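As a starting point, one isolated chain is supplied in structure tokens, in the form deposited in one PDB entry.
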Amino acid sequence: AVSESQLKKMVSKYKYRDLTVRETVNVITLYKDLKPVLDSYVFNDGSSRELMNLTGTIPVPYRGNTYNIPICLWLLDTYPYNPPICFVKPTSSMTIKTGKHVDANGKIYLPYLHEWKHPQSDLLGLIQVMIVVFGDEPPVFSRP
């Protein structure tokens, strides 16, 4: 019950709508898998706010097979800086291989993303980085 029409109304509060709606579509439309979501956050029950996110899975060649590495997407109206946040949410069967980018908090803080600044930031690359980092050695593994 959240079509493109309703999406606009949900992302109307955002400042960079044209960039927030184009960045998401570009991905979900290219990776034909990422599903758009809308979750509002609160500051210790002191103040709420509308927030959009993207949850889905991304294939990956490993061990001679095609594994799926689930990952979530976070968005902001402008704060703290501007760039969208990244997070991972694997399944109970999967795990979180601690490393340099895949911390124990399902975070994906990458150097390429840390020092990332538009106009090269379209969200399309934000997903590609993981496709490469996870394409060499997926951390979501579960030690079969």
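Start at 1 with the first residue shown and count on from there.
Missing here is the form deposited with a partner chain bound; even so, the following discussion is about that form.
Trainee: Just one of 75-83, 22-30, 108-116, 91-99 has heavy atoms within 4.5 Å of its partner chain in the bound PDB entry; which?
Mentor: Selected stretch: 91-99.
Trainee: In the bound PDB entry, does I69 come within 4.5 Å of its partner chain, counting heavy atoms only?
Mentor: Result yes; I69 sits at the interface with its partner chain in the bound PDB entry.
Trainee: May I ask you to check whether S3 falls inside a 4.5 Å heavy atom distance of its partner chain in the bound PDB entry?
Mentor: Result no; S3 lies far from its partner chain in the bound PDB entry.
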